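Proteins come first, then strands; the chains are lettered A, B, ... in the order of their sequence lines, and each starts at number 1. Only heavy atoms go into these numbers, but all of them, side chains included; no hydrogens, no water, no symmetry mates.
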Number of protein chains: 2
Amino acid sequence: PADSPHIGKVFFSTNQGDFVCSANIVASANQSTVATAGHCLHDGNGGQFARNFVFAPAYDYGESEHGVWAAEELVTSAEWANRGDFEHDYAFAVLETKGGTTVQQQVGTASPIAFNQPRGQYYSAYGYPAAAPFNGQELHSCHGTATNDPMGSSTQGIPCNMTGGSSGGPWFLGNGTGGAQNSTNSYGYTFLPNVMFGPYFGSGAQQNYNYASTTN
Amino acid sequence: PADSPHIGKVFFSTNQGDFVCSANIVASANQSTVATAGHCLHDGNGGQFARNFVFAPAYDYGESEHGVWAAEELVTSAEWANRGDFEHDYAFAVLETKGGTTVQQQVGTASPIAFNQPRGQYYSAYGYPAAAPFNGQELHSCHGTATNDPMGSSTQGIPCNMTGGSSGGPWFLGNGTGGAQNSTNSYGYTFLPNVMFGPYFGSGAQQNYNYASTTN
């Protein structure tokens with residue numbers, strides 16, 4: 001985590017309990033924006049937003065020297081919020097500033113983010129899987145070539161063993177944590193998933209990003 | 001109302017019961033977008049989306065020939081949804097398509113929409129006020145020059161006697177229903193009778209519009 005401190009762990013609550021996800025600081029005008037999954041910050045089907053959304057950059061068996069960051073605005077895709085549309089299971093959280101210090105300023109790095117890229121690219125996906133065989137404490141990764149959702153939606157799948165808690169973690173184009181972010185961990189099929197699915201980052205994601213990243 | 005069928009009445013429900021608002025068809029790529037107030041489609045801080053949001057173009061003691069249109073995507077500003085911030089009490093609803101027909105195609109017209117315009121312009125504001133001495137059945141209007149929020153926020157006020165139900169109704173630059181939409185009826189203050197406040201249509205509103213109008 002110390003080497004890619006833009007990636008971090010998410011804690012949040014709903015009426016059903018206390019849960020975890022992952023997220024990533026993306027380059028933004030407000031320097032306060034993390035990319036995550038829609039389902040990590042909103043119920044879907046017209047419901048309420050998650051409560052007490054906290055981001056922990058470079059989490060590693062606990063918060064890092066970078067600390068933990070509360071959300072000020074949760075920015076869900078409209079298709080996710082209204083219909084639980086997994087084709088648009090992406091979102092951005094706009095975090096607090098601490099006495100002038102934005103999360104980007106504290107952590108000192110943020111991922112570029114790209115949209116409307118070809119399908120079928122090679123990805124490195126990251127997150128904090130929390131269900132067995134994982135413990136929720138470690139940054140893990142998956143790597144491989146994306147293929148189409150066999151069930152027929154616009155999502156893409158990569159070979160991956162990560163479990164619940166990894167949702168919202170970044171997909172970077174290419175090998176490693178240094179590429180442009182171009183999707184987010186959305187879902188796998190239990191038990192012992194072997195494919196991670198992530199939504200296509202098209203013009204919906206781009207325009208949601210433009211909006212979130214400017215405050216908003 | 002027949003002369004300005006892009007303006008219409010809104011019905012919706014929450015856990016607190018059935019409510020009414022106003023809205024306006026604005027030109028959009030998806031041909032399906034109405035401008036309204038954030039509070040006409042989302043509770044604000046800690047709440048959820050309105051249910052059964054329906055738009056009735058050219059309502060006049062009942063639906064017009066254009067019928068009634070259900071929302072598919074409610075698109076609230078982030079600051080309204082997360083904090084009930086009246087500086088951003090604007091929103092867009094993306095409506096259903098009926099047998100291939102979009103609302104903009106049905107009505108055959110839409111208002112232009114403008115952002116980042118000067119403060120203190122002259123407006124014509126419209127809506128379906130539903131509290132006495134109004135009955136919710138009629139299109140009413142207010143006209144005047146905008147002044148600054150006495151509370152010091154970025155909202156603006158105009159002289160206007162319209163009551164609950166008028167929220168979400170359009171403010172058009174200039175005289176009449178034909179100008180560019182540049183705010184929405186949002187709120188009054190208990191101490192200030194007959195003044196309607198509407199949010200500033202700035203870059204937040206523009207980016208929310210860009211996003212909503214492409215479906216989204």
*Return the orientation label for the A:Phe86 and A:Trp80 ring planes: parallel under 30°, perpendicular over 60°, tilted otherwise.*
perpendicular

*Could you tell me which residues satisfy salt bridge (charged side-chain N to carboxylate O under 4.0 Å, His left out) with B:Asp43, sequence neighbours excluded, listed by chain and number?*
none

*Measure across B:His42 and B:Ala81 and return the closest heavy-atom pair with its distance rounded to 0.1 Å.*
CE1-O, 3.5 Å

*How many angstroms lie between OG in A:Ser77 and CG in A:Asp85, if you round to the nearest 0.5 Å?*
7.0 Å

*Which atom names give the shortest non-hydrogen contact between B:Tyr200 and B:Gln117, and what distance separates them?*
OH-O, 2.7 Å

*asked:* Would you say B:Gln121 and B:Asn182 are linked by a side-chain donor-acceptor pair, where the criterion is simply a distance under 3.5 Å?
replied: no

_Steps toward side-chain contact (heavy atoms from CB on, under 4.5 Å) verdict (B:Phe197, B:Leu192)_ = CA-CA 11 Å; B:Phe197 294 86; B:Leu192 191 59; 3.7 Å; yes

*side-chain hydrogen bond (donor to acceptor under 3.5 Å, both in side chains) partners of A:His140, counting only residues at least two apart*: A:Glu138

*Going from CE on B:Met196 to SG on B:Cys160, what distance comes out if it is rounded to the nearest 0.5 angstrom?*
4.5 Å

*Within residues 25-34 of chain A or reaching into it, pairs that qualify as side chain to side chain donor-acceptor pair (under 3.5 Å) - sequence neighbours excluded*: A:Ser28-A:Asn30, A:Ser28-A:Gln104, A:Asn30-A:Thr33, A:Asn30-A:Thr215, A:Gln31-A:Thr102

*asked:* Side chains of B:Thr109 and B:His6: any donor to acceptor distance under 3.5 Å?
replied: no

*Would you call A:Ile7 and A:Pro170 a side-chain contact if the rule is heavy atoms closer than 4.5 Å?*
yes

*Nearest-0.5 Å distance that lies between atom CZ in B:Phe172 and atom CG in B:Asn24*: 4.0 Å

*Just do the side-chain contact (heavy atoms from CB on, under 4.5 Å) check on B:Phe92 and B:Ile113 with the steps written out, would you?*
CA-CA 12 Å; B:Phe92 300 90; B:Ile113 185 168; 3.9 Å; yes

*Within 6.0 angstrom of A:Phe191 CZ, more than 12 heavy atoms from elsewhere*: no

*B:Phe53 versus B:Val10: any side-chain heavy-atom pair under 4.5 Å?*
yes

*Closest approach of B:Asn216 to A:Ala78 (non-hydrogen atoms, all atoms of both residues)*: O-CB, 2.6 Å

_Heavy-atom closest pair, residues B:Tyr122 and B:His143_ = OH-CB, 3.3 Å

*asked:* If we ignore hydrogens and angles and just use 3.5 Å, is the side chain of B:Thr36 paired with the main-chain N or O of B:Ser22 as donor and acceptor?
replied: yes

*asked:* Going by side chain to side chain contact (heavy atoms under 4.5 Å, CB included), B:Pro57 matches just one of B:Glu63, B:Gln106, B:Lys9, B:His66. Which one?
replied: B:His66

*CG/A:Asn52: more than 12 non-hydrogen atoms of other groups inside 6.0 Å*: no

*Residues which pass side-chain hydrogen bond (donor to acceptor under 3.5 Å, both in side chains) with B:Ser4, listed by chain and number, not counting sequence neighbours*: none

*When rounded to the nearest 0.5 angstrom, what distance separates OG1 in A:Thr14 from CZ in A:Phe19?*
4.5 Å

*Can you label the angle between the B:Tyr90 ring and the B:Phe201 ring as parallel, tilted or perpendicular, going by 30° and 60°?*
perpendicular

*May I ask you to test the B:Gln48-B:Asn15 pair for a side-chain heavy-atom distance under 4.5 Å?*
yes

*Can you tell me if B:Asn45 uses its side chain to pair, donor with acceptor, with the backbone of B:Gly84 under 3.5 Å?*
no

*A:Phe115 and A:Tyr209 aromatic ring geometry - parallel, tilted or perpendicular at 30°/60° bounds*: tilted

*Please step through side-chain contact (heavy atoms from CB on, under 4.5 Å) for the pair A:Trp171 and A:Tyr123, ending with a clear verdict.*
CA-CA 6 Å; A:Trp171 285 26; A:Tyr123 290 96; 3.7 Å; yes

*Pairs where residues 157-170 of chain A contributes a residue and the test side chain to side chain donor-acceptor pair (under 3.5 Å) is met, not counting sequence neighbours*: A:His39-A:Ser167

*Donor + acceptor pair across side chains of B:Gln156, B:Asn148 (<3.5 Å)*: no

_Test log, rule side-chain contact (heavy atoms from CB on, under 4.5 Å), inputs B:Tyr128 and B:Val20_ = CA-CA 8 Å; B:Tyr128 287 84; B:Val20 63; 5.6 Å; no

*Side chains of A:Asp89 and A:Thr184: donor-acceptor distance under 3.5 Å anywhere?*
no

*With no hydrogens and no angle check, do the side chains of A:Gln207 and B:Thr214 hold a donor and an acceptor under 3.5 Å apart?*
yes

*Quick check: does any side chain N or O of A:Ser183 sit under 3.5 Å from a backbone N or O of A:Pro199, one acting as donor and the other as acceptor?*
yes

*What's the shortest heavy-atom distance between B:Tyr126 and B:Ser141, and which atoms?*
CE2-CB, 3.3 Å

_Assess, by modelled atom type and distance only, whether the side chains of A:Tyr189 and A:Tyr187 contain a donor and an acceptor separated by less than 3.5 Å._
no

*Look up atom CG in B:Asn185 and atom CD1 in B:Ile158, then write down how far apart they are to the nearest 0.5 Å.*
6.5 Å

*Please walk me through it: do A:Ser203 and A:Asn116 pass side-chain hydrogen bond (donor to acceptor under 3.5 Å, both in side chains)?*
CA-CA 7 Å; A:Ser203 291; A:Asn116 286 311; 3.0 Å; yes

_Any residue meeting salt bridge (charged side-chain N to carboxylate O under 4.0 Å, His left out) with A:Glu73, in chain and number order, not counting sequence neighbours_ = B:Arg83

*Closest contact, heavy atoms only, B:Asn208 versus B:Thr76*: OD1-O, 3.7 Å

*Calculate, to the nearest 0.5 Å, the distance between atoms CG and CD belonging to B:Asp60 and B:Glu65 respectively.*
10.0 Å

